[PDB]
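Novice: Pasting a structure below so you can have a look.
Protein chains: 2
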Amino acid sequence: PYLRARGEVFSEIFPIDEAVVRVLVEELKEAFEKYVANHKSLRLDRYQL
Amino acid sequence: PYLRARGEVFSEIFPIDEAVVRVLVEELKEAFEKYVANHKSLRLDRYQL
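Heads up: the sequence lines are chains B and E, in that order. Each residue of the first sequence is one higher than the one before, counting from 101 in the entry's author numbering. Each residue of the second sequence is one higher than the one before, counting from 101 in the entry's author numbering.
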């Protein structure tokens, strides 16, 4: 007490290869879609995505 | 070192049978299309097809 860290600057990585990102975003989209549809043990908010 | 050389002669020939040129450009782009399909994790910005 009290813990600190001597801070950095933020780690800054930037996207290249973005159409594979487009395929993987629509895969993410259908994936999370059917994830919400399946796992009803989540009781999730269903008005947001 | 260093290097300085002198040239011999010109030699520059061409193919014949331009149908091989046309359909082989098509099959060449087929092969590199398959390699760009393989390029999913190969860090490629995607507008060179």
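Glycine residues also receive a C-beta, built at the ideal position from the N, C-alpha and C atoms.
According to DSSP, is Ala105(B) helix, strand or coil?
Specialist: Within the first sequence, numbered from 1, the residue matching residue 105(B) stands at position 5. Three-state DSSP puts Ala105(B) in coil, outside helix and strand.
Novice: Would DSSP call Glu127(B) helix, strand or coil?
Specialist: Here residue 127(B) is taken as the residue at index 27 of the first sequence, counted from 1. Looking at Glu127(B) - three-state DSSP - the assignment turns out to be helix.
Novice: Rounded to whole angstroms, what is the Cα-Cα separation between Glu112(E) and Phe132(E)?
Specialist: By 1-based counting over the second sequence, the position of residue 112(E) is 12. By 1-based counting over the second sequence, the position of residue 132(E) is 32. Between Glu112(E) and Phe132(E), the C-alpha separation is close to 27 Å.
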